[PDB]
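Going left to right, the sequence shown walks through residues 43 to 175, 178 to 211, 220 to 292, 309 to 389, 395 to 529 as PDB author numbering numbers them. Positions of the beta carbon are idealized from the N, C-alpha and C atoms, including for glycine.
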Amino acid sequence: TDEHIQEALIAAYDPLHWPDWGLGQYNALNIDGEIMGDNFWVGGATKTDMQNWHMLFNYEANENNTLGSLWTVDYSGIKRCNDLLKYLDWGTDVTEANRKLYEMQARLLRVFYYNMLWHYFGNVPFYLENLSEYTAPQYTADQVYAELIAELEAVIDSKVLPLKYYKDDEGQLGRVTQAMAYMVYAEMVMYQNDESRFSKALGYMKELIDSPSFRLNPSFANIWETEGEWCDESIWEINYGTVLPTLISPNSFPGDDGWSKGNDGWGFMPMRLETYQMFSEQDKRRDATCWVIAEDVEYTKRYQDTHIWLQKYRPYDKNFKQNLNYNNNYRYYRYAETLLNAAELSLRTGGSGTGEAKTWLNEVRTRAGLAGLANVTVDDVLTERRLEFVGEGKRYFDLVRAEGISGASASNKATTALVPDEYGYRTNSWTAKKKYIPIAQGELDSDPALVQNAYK
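Shown next, in the form of structure tokens:
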């Protein structure tokens with residue numbers, strides 16, 4: 043049945059949502075992508091409230107204090123993808139066209155789930171068939189890369205997936229697309245520092261820039277509103309509801325116009341004052357990024373409180389699905410990242426600082442209300458990424474990959490940016506052994522073949 047195959051395909055999309063629905067405990071992909079970076083404090087009630095997040099933040103995670111749930115989510119996704127791909131040959135009434143569409147969606151989701159494992163843990167069990175015989181060989185991070193990027197190249201070269209819309221059907225928005233595939237491709241090539249693939253990744257970014265179907269939202273602020281969901285900037289979103313606005317809002321808040329007294333806020337991800345202060349007064353991203361609460365407004369201050377929070381995913385009564398869940402879609406890939414990806418890839422393949430790289434970076438700066446740069450360097454692109462993507466889980470991975478980027482300044486590299494602060498919160502400096510977080514002791518106990526990452 044095409045009906046049953048479609049059910050199995052929906053099942054393969056489902057784990058994308060599991061972090062924000064609460065697999066054992068509440069979690070969010072942007073929290074996981076931000077806590078090891080320099081934009082936020084972890085917060086919560088105290089330093090033992092999500093102790094694993096506090097320990098990751100300080101490069102002191104261990105096999106009992108890591109992101110084990112993300113491993114379970116990703117391998118659950120992978121198992122459902124592998125199952126869908128098994129079922130596709132046992133499909134009788136499914137057309138060749140729909141089979142290829144179902145196949146390429148499952149394979150791209152599978153790359154997506156492996157990409158998350160690779161980013162966080164690096165050295166992971168790698169299988170493209172479920173094990174009914178029952179564990180897979182642990183690959184090195186570099187082996188996982190070689191496999192994943194080969195698999196993604198096969199998916200992209202098929203030219204099966206539609207660029208932006210399934211046939220144009222607004223009610224299938226959330227499916228993976230060729231445009232989403234291009235963004236994963238660019239992301240992985242850049243994270244690996246795989247120079248052999250920079251020109252191809254640039255080519256894919258220029259197809260999206262040359263396309264009539266994508267543009268920057270004229271208002272950065274409007275991106276984050278419910279009406280901004282699936283605007284023409286949006287390449288891929290995860291549809292919701310989500311607990312995220314509960315996690316990253318102030319506790320016992322007396323209420324404002326958009327959010328009533330008596331709603332839960334757990335006080336995670338206080339925004340650092342340094343993050344507010346890096347924006348110019350003219351930068352339109354500052355007020356869309358930073359929810360500043362006046363010092364005179366009394367809420368219950370939690371650990372590392374700054375009276376600044378992330379505006380992009382702040383709770384509003386109108387967005388409710395105690396009431397812990399909200400309707401905010403998670404914006405995963407935006408066309409702002411297409412332009413900044415392209416500008417960087419152009420500069421790192423010999424491109425002119427006054428050529429296409431300047432046009433693309435300046436389109437992002439202009440949307441934000443800033444003056445264009447007359448000449449663009451790779452360090453300018455990394456700085457623009459920091460301003461553009463606060464609270465979107467980009468900054469930490471950008472700081473780590475920048476270890477391999479020749480013209481990166483100290484403020485844009487993990488080893489020099491991720492250092493102790495004046496408040497005594499972060500007391501360790503990031504080093505290369507912190508690049509792959511600990512595997513959870515439970516996984517080691519299930520699989521005696523697994524080797525722990527040398528993180529300690």
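Query                                                                                                                    : Result
DSSP three-state assignment for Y169, whether helix, strand or coil                                                      : coil
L143 and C123 closer than 8 Å at C-beta                                                                                  : no
Burial state of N81 (16 or more Cβ within 10 Å)                                                                          : buried
Rounded distance between the beta-carbons of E289 and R404, thought under 8 Å                                            : 5 Å
One or two residues paired with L378 in a DSSP bridge                                                                    : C358
Residue span of the beta strand (DSSP E) that contains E289, given as start and end                                      : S286 to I290
Segment limits, alpha helix (DSSP H) that includes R141                                                                  : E138 to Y162
Spatial neighbours of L127 in its chain, beta-carbon cut-off 6 Å, leaving aside the 5 residues before and after          : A148
Status (buried if at least 16 other CB within 10 Å, exposed otherwise) for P181                                          : exposed
Residue nearest to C358 in terms of C-alpha spacing, selected from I376, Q372, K369 and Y367                             : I376
Per-residue DSSP class, three states only, for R459                                                                      : helix
Best match in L130, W83 and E45 for proximity to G497 [C-alpha to C-alpha]                                               : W83
Run of the beta strand (DSSP E) containing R404, from where it starts to where it stops                                  : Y403 to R407
Top-ranked residue by Cα proximity to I510, from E49, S111, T88 and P57                                                  : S111
Top-ranked residue by Cα proximity to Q187, from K208, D246 and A139                                                     : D246
Which of helix, strand or coil DSSP assigns to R474                                                                      : helix
For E285, the nearest candidate out of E410, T90 and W63 (CA to CA)                                                      : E410
Cα-Cα separation, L170 to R407                                                                                           : 29 Å
Of the residues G442, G424 and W282, the one placed nearest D221, counting alpha carbons only                            : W282
At least 3 beta-carbon pairs within less than 8 Å: the region 325-337 vs the region 366-383                              : yes
Three-state secondary structure assigned by DSSP to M240                                                                 : helix
Cut-off 8 Å between Cβ atoms - residues of its own chain near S320, not counting five sequence neighbours on either side : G333, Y367 and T368
Close Cβ partners of residue 38 (< 8 Å) along its chain, the five nearest in sequence each way excluded                  : Past the edges of the chain, shown from 43 to 529, lies residue 38, and the structure says nothing about it.
Where the alpha helix (DSSP H) containing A50 begins and where it ends                                                   : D44 to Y55
Beta-carbon proximity list for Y189, same chain, < 8 Å, skipping 5 on both sides                                         : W160, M240, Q244 and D246
C-beta atoms of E102 and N401 nearer than 8 Å                                                                            : no
Bridge-paired residues (DSSP) for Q67                                                                                    : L65
Option in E76, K508, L446 and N414 with minimal Cα separation from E476                                                  : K508
Proximity of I193 and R249 at Cβ, strictly below 8 Å                                                                     : yes
CB-CB length for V449 against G426, believed under 8 Å                                                                   : 5 Å
Residues that DSSP places opposite residue 215 in a beta bridge                                                          : For residue 215, nothing is modelled; it lies in the interval where the chain passes from 211 to 220 with no residues in between.
Reduced DSSP category for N104 - H, G, I as helix; E, B as strand; rest coil                                             : strand
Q67, buried or exposed, once every other Cβ within 10 Å from all chains shown has been counted against 16                : exposed
Residues that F388 bridges to, as DSSP identifies them                                                                   : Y399
For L225, the first and last residue of its enclosing alpha helix (DSSP H)                                               : Unbroken run through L225: none, as it is neither H nor E.
Bounding residues of the alpha helix (DSSP H) (the contiguous stretch that carries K128)                                 : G110 to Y129
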